[PDB]
There are 4 protein chains.
Amino acid sequence: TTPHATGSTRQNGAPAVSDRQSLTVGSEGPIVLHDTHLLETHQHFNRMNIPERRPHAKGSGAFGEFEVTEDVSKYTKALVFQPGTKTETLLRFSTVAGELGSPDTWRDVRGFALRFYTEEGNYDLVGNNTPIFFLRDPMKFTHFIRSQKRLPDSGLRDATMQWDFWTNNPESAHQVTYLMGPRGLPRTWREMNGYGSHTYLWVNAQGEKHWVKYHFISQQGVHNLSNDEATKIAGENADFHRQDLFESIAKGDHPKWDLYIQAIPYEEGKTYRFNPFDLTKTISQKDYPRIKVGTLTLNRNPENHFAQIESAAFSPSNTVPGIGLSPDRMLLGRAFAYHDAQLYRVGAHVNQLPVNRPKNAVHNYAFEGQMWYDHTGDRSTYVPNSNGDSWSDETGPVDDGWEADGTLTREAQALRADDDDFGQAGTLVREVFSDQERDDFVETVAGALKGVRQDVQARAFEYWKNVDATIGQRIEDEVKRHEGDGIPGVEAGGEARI
Amino acid sequence: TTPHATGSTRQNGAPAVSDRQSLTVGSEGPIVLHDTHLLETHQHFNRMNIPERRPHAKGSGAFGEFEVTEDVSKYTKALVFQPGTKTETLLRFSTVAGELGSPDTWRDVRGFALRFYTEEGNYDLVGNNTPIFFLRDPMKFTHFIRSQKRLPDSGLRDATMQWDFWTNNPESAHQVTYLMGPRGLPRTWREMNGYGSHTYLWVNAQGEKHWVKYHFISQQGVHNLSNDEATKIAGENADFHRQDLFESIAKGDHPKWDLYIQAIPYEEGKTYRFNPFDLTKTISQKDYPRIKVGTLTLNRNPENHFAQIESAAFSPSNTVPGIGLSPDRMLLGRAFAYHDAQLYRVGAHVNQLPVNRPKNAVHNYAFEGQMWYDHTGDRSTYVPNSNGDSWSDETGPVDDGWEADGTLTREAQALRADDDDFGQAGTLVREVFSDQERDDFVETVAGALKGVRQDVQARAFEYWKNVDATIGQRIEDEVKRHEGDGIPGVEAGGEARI
Amino acid sequence: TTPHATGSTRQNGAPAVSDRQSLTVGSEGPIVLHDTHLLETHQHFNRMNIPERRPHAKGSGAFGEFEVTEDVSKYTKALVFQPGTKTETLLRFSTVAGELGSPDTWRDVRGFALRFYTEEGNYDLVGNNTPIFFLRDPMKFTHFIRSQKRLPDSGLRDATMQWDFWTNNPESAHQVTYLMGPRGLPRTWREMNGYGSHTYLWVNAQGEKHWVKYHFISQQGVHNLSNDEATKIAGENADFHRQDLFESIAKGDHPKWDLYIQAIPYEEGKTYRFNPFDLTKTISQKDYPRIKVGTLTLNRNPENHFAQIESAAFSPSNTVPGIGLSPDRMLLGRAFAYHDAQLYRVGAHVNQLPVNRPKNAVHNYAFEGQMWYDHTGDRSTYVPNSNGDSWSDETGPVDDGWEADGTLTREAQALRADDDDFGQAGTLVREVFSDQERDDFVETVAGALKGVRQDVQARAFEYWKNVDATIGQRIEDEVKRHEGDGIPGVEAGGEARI
Amino acid sequence: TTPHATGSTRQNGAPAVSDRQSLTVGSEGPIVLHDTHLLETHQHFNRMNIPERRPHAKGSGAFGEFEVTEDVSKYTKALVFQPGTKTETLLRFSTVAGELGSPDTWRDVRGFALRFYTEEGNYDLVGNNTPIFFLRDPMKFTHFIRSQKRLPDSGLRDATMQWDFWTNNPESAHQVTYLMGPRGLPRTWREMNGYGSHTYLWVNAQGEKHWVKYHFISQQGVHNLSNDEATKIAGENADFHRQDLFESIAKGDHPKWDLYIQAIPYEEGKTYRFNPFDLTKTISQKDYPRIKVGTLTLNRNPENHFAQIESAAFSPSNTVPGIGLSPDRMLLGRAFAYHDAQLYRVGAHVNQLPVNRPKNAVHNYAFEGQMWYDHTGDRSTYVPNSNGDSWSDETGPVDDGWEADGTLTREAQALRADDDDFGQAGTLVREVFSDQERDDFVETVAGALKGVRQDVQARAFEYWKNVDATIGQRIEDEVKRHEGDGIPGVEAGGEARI
Ligand code: HEM
């Protein structure tokens, strides 16, 4: 306490005098321009909001730990996955389409964004609750997300727009099937699996390469809500998932996931009968079984949601030695996009905020800019230099690379032996779902098509029949009778929609 | 169509070639850095979101017309209110606390933001659906809004925080009573009244001054939802109000409001038994009756929600000759705050966007800055100048002013004869509400207090007993039995809250 | 060093691999999109620049110490000025009109911006190298600065614009005389005086008030350059002053200034024969003599110019207990303007950057926003609260206030007995300047008028004759003969100017 | 004029009342918070400055016209270069290293940024006044520019840093030779040549490809200043080039350049004895002669420098059909970097500002964002769509592409038969320069090395001897005697430098 303290300060540390009354000319007079405490507090209030994420605006998370319990050193040299290693983590969960204040229990994909604070940098595995996605080229991603959001005139979400996009981009079928099935509505984030989705590259100490898939299997099981239940919860508690996570950890109920990988030898990646670089494809566990790595535990709530969760900036570009990207076009687009969005959303120095700083020493050739908190003193700004300030200069083929040859083109990826748009979705509907799940699926899909413009409905019937003739007929019959579930978060029809 | 057209362009107008596939080295190869269409489209996608309004993030609106049907020329010289004048309008409706994607049917205040595109500038009457507010000094406003939003650790709304603030700021009682009563949940925006809330100054052609209140009385009546109904709708259709407005106008059902004023002679403003400059007070219609002015009709939907509604920037500083502010401290704070927030939210040149431009010629001493669309050529940048570029230089007392005298102070406004924190709220509960409304009010308030930390509940009981001894006891009895309604948008208790 | 280190890292702390070659498909192939090190480094490079200050863009500074050597406790309770106190300082010097890369030796005002890192907050005394300024109302300031900068079409500085403004605002005469005299061209920043210019309020422990002027008298003396010398230096070394300061401190030659105040009793401020609240007036040292306080020494160079000097954010609003503002309209405008500019220039959290943080604990009701480095955990966001998080709530007249009474008006300040626009300037020319200084002054002013549009020249002759009939005739005679010095930084005439 | 007009307005179009006095409580009282005209004007003034370009901050330009006078339709299908076509242009000239207010006559590269407003989009040819550059990989560019700017502690330019960079990157020799020769100091922008520097791709109507170099040969000749003359001018008139251009056009003296290309058949690009994709190499005019295209005339000054020149945003990504990029790594980096910098410098909608809009219709899949002036109404936001809103979907090899094959690598480009770092520079010194130019060159280079740290000087002597043994010895001898010219804009040595 200072001699003239009053209970709080202005931004310069001087006593604020009052947090409750403005500076006026007498009790009845106007406010004066030089009420600097009023000005500082209001000008800051007016700049509290930052642009929400696009997509995945609505979310929350927690800190935890990852422990390696198996030996996978033969597949990677990454320090984080070496035998016995324990690493601090941060995980943010999210929906995709909805904005900052939208209900948690809308039918949607969920994000599973995981950071490992490793000894050789921050390693971000930015996943979802599905092993696949709707698209295989990033040029389509902007269109997709806009189709999932709002009409330009009325500002409403619209199933007609969603189905127009999906039916005109049949590569979407595998993921749309997954979304419309039971897993479109997780009961809690604790009761859903996480996946890397993409094929990544692992490189071992000898330079040998494997293509890898990541699977985070919940120790709490996979539990889902019905459309009706999720709708009810959306009204009663729009932050049901956020609350559940925080309360579970606060009570000492720490959720866990076991990490497994699939590991494909380098050369087999080029010849496998499904394209591992096609994000719409899963890789059969019969061909490439899951191999255990270790266990993820979440055990610590944030102390400040905005500083630690909202301001967190995850990026697939945040690889570490031993782990690389792959020829998956969607992943390569992501390598650019996140960092770019974060410069706008948070700032040029987003990676100097405590939650985004690595544990190891950063020695990076970047200087100046707004809000530069940790400056580099008189370090040289150029390389090579004669001043003893180090730089990197490895030449030749990179350890996390691969080969390419061809002419510059814009075209679809070449099909492997068993690649198509509909086969894997079919397999899901026919072989994986139970009878009860198929019944629910029909009611969901028919519901999602209710009120959809007729020409778009007609294309949807052909789309679903391509997935499976029987399910597609069942959906068609129900839509023609105007039956089906209400879908939390979206509807179609009426004068304010297409 | 150009000779080499492909169906769409890049930002420079050159053909885009593809909106569907990225530029790769062969079909199987990586994406190249020089896919400039991928880069432009993604970099723009990443900068689509802007900071949401704080407060009043969730909203929508429509264009319309205001017609003057009475003669109020004796009270004001403002062109917009002269006999027979018809003026184009824009109205945005909103909630207060919730973010961009939050349900429309939460219990809350609603915004009623009205712009008139007058011949002498844009006149903004930025109102609410209540004639009063919770506070009488703008220093408290930042605290209030933060109390209505989320806890810093868990990110949840919390009734304990809301009641802690309200019970420690008893000036809030009049508005908290209004909010907890029937009008806290409008059925539609068409079925709610709008109010200026503040006293404004009107000045006539001779310089005579009146203090005025604005009242917009819905021709559709005032209709409200129950807590249970609003909760159900929040789940089923989070954009119920936005949809209702758009569909009603699209069908030709144009909602109307009649404008009335109360007009207090200048000197009587200083002596009236309730303080007209205290935003927590209504002015009795027995003392100062409502006088009709004209009728507001909404008749045209936006063609682009984001450009015309989200990017609209309303401000109480946007007065026109004949209409001024008043010694209401809250209004004086608002004169600064909106324009300031909009510089951050939209940009320095927010008032050059079409929706925010006036109809008349702007000749303003402001130049340069980012995104300066309409430049001033070689116009002089300073005054006086010898180049024939005009400026303003009226000296002496302004026509929309008043007197003040005193020492610089931070203290509460002096009480008029009948000013207090609780009397008007009481009158509402005892005399205005029906028996059924009182019964509902008890269930609402008791519900809002369920799970609230006990020390804060105890202060709430004293607060409600100060409003009315009988209602306060009824609330206390119900809270002690753990009864009451669920309140859409908020709750208390549990490990993630206070 | 990590096991896989390469000499530098990316922003996530992972090895960068190369700071010298991009990632390509073979040696001859294109750059791939996923060269994330290329992207991070370029995207940061592209965001290194921040808006330059307006005005005072060109500058540099150093750290030092202020030691109180006299007892002025009877005039102020401010901790920084209590007997024997030593306080760390930061001082930035600057010109006014020129941009970031403009020569240091243009004829101009110099800034003298001094921060004291006190035990009760950062106290900023943001002065100039003159005791007066050109204007007495902040509405004119924007116009003035724009007149000192560039024409809207050609982008050139123009003496015609400068004189058009000055001659149409005769309040400018006192400062224009000072600027055109010897002190318009300091040889070094070490060899110029600094001044607070404005009257400030000092309040002692008993609540007694004095109006104060600050004077920083250089121990190195006041030494100036001729127009010809300054022009030569502008070509040979555009950073002459910046270099001089850095080299002098590096060699151990620490420049010093002694601080003196003038102290006017509170009531005498209202009756003195020159208006102490008029920034165009000096206060006679015969009436109110200088009183010594202590000594300022600069002794430490920055380690990083951009982080410590460019990103420094000084503000007259940064008062501390014992020191307040005054009824000087220009000072009251400054209380708002600096903080506002800094939110745009640097960011919302400009006062969390190390150079701008106070030494004492900040407990301020501001939360969230972009680049929030030092978060407040779970501290309450509202007041009063029941959670033990303190706030301020002092009521009544503030200790650094004063009285006012009147109607809202826009008009000139009332004249004291001896106030006018020209008298003090005259006194300077007639009584203070030597014969040689008068001769130089004539050559400077005539030079500054060379090529000026004839109608503006004619008004300038009347202006100078009002200052002093003899000097004004001498200037007129020289201008009519087209004689006079070239003025570093500006000229008039020709097809690209007025 | 409106009935209540006062000579100017606020931003909402209402009369401003005064541009000269603030709103106070009586003449002697404080300024009130609700002086909204003071607030608007100051808040805008505070946001007038935008980040300067990095690099090429200091510049100016003019509009003009390009006329095709020859038939080059066999080489390109680009509309802009078809027989007889006349196209409106905008050209911005600039230096590179210096900031916004830095003198025009520093020794430096000059920018030559040319936009053609074509019928098929804006085509930007963003050149320099040299056919080569210092570097051949964009990873080095950030380092280079930072080396040309200021030391991190003192904020001074430093020749030691410049030479440390250049001598450690010997690829720089060709361009450093050009810069240190006569053409480092153009007398005017009218008296310098412009060059595209890079190889670009031209594609004709049949799909046949040629690699092209652009050369803009001044009809005013090439005229240069001495170091001493340029230094003198830097002091006397820091805006000498800006003024010269504006005055010449104003007087009707319209500067012209003739455009010539070199055209290399596609296959010969891969085998030519100098690498056409190496920006440090010129292509011999004996092997590939210059072919005339047409003439560029500048004939119209800007009406607003800031809106039309400062806010102009040029980009090499702004190609048009018939013109593509090439495998030059530096060009490929530029395709990303400009647009990125402009999003920060100006805004997301930089290409909606009038100067940056194309003449033809833009139909681009980008929506929303700050300051969106020209919205897209209810146009579909996704593709394909069933709503009649067109998109692009060309599949297969692009017309402006080429082939690549290899593994992902970071390494130097493979050498052609006659590629090295020093040979072309030599040829310049030995064969192109006259005796007098060689004498001047020695004095320039020796001057540039004066005061440079001895170890860096020693490396510079080896560097210059590699260019030419005789010139290198002459430079060494002069440096060891401490002789040489002063170089405008830079020096070395002393306590504030390396
Ligand atoms: C990889 C190498 C280069 C990179 C990354 C690069 C980057 C940039 C950037 C970011 C700007 C500022 C753009 C803006 O803010 O509007 C710029 C300006 C400029 N650059 Fe480049 N540059 C490179 C090489 C070159 C070369 C080789 C040339 C000439 C052939 C050139 C000519 C120019 C010109 C003339 C400007 C100023 C344009 C104007 O007047 O607005 N640059 N450069």
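In what follows, chains carry the letters A, B, and so on, assigned in the order in which the sequence lines appear, proteins first and then strands, with residues in each chain numbered from 1. These values consider heavy atoms only, across backbone and side chains, with no hydrogens, waters or symmetry-generated copies.
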Problem - Portion of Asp340(B) that has a non-hydrogen atom of chain D nearer than 4.5 angstrom - result: both

Exercise for the section: Under 4.5 Å heavy-atom distance to chain D, tell me which part of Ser18(B) shows up: side chain, backbone, both or neither. Expected result: both

Problem - Heavy-atom check, side chain of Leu343(D) versus side chain of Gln43(B), under 4.5 Å - result: yes

Exercise for the section: Measure across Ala348(D) and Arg47(B) and return the closest heavy-atom pair with its distance rounded to 0.1 Å. Expected result: CB-CB, 4.2 Å

Completion exercise
Comparing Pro30(B), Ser8(B), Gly121(B) against chain D, the one with the most heavy-atom pairs below 4.5 Å turns out to be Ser8(B)

Completion exercise
Distance col, row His349(B):NE2 vs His44(D):NE2, nearest 0.5 angstrom, shows 3.5 Å

Handout entry: Partner chain D: residue of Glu120(B), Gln21(B), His363(B) with the largest heavy-atom pair count (under 4.5 Å)
Key = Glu120(B)

Practice task
Tell me, for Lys77(B) versus chain D, whether the close heavy atoms (under 4.5 Å) come from the side chain, the backbone, both or neither.
Solution key: both

Practice task
Please answer whether the main-chain N or O of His375(D) pairs with a side-chain N or O of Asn304(B) as donor and acceptor at a distance below 3.5 Å.
Solution key: no

Problem - Which portion of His37(D) sits near chain B, non-hydrogen atoms under 4.5 angstrom - result: side chain

Exercise for the section: Under 4.5 Å heavy-atom distance to chain D, tell me which part of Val25(B) shows up: side chain, backbone, both or neither. Expected result: side chain

Completion exercise
To the nearest 0.5 Å, atom CZ of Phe306(D) lies from atom OG1 of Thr376(B) at 10.5 Å

Exercise for the section: Under 4.5 Å heavy-atom distance to chain D, tell me which part of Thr319(B) shows up: side chain, backbone, both or neither. Expected result: both

Handout entry: chain B contact via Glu119(D) - side chain, backbone, both or neither, heavy atoms under 4.5 Å
Key = backbone

Exercise for the section: Keeping the roles fixed (side chain from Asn351(D), backbone from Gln11(B)), state whether a donor-acceptor pair exists under 3.5 Å. Expected result: no

Handout entry: Heavy-atom proximity to chain B below 4.5 Å, by part of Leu332(D)
Key = both

Exercise for the section: Specify which of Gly26(B), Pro354(B), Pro302(B), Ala5(B) makes the most heavy-atom pairs with chain D at under 4.5 Å. Expected result: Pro354(B)

Practice task
Name the region of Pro51(B), side chain, backbone, both or neither, that has any atom closer than 4.5 Å to a heavy atom of chain D.
Solution key: side chain

Completion exercise
By salt bridge (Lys or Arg N to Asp or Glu O under 4.0 Å), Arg20(D) pairs with (sequence neighbours left out) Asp393(B)

Completion exercise
For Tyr365(B) and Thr41(D), the nearest pair of non-hydrogen atoms, with its separation, is O-CG2, 4.0 Å

Handout entry: Residue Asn360(D) versus chain B: region with a heavy atom under 4.5 Å
Key = side chain

Practice task
With the side chain counted from C-beta on, respond yes when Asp378(D) and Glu303(B) share a heavy-atom pair under 4.5 Å apart, and no when they do not.
Solution key: no

Practice task
Let me know if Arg334(D) has heavy atoms under 4.5 Å from chain B in its side chain, its backbone, both or neither.
Solution key: neither

Completion exercise
Bottom line for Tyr373(D): the part with an atom under 4.5 Å from chain B's heavy atoms is both

Completion exercise
Filtered by a 4.5 Å non-hydrogen cutoff, the part of residues 395-404 of chain B contacting chain D is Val398(B), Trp402(B), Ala404(B)

Exercise for the section: Please answer whether the main-chain N or O of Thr6(D) pairs with a side-chain N or O of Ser392(B) as donor and acceptor at a distance below 3.5 Å. Expected result: yes

Fill in the blank from the handout: Highest number of heavy-atom pairs under 4.5 Å with chain D among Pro316(B), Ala16(B), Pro15(B), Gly347(B) belongs to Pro15(B)

Exercise for the section: For chain D, find which of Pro3(B), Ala361(B), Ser311(B) contributes the most heavy-atom pairs closer than 4.5 angstrom. Expected result: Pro3(B)

Problem - Spacing of CG belonging to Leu39(B) relative to OG belonging to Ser317(D), to within rounding of 0.5 Å - result: 8.5 Å

Handout entry: Distance, nearest 0.5 Å, that separates CG of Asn122(B) from CG of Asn12(D)
Key = 6.0 Å

Handout entry: Any donor-acceptor pair under 3.5 Å from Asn364(B) side chain to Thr9(D) backbone
Key = yes

Problem - Heavy-atom pair count under 4.5 Å with chain D, highest-scoring of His305(B), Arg379(B), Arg10(B) - result: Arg10(B)

Problem - Inter-residue atom distance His4(D).NE2 - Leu79(B).CG, 0.5 Å rounding - result: 6.0 Å

Fill in the blank from the handout: To the nearest 0.5 Å, atom CZ of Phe336(B) lies from atom NE2 of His34(D) at 14.5 Å

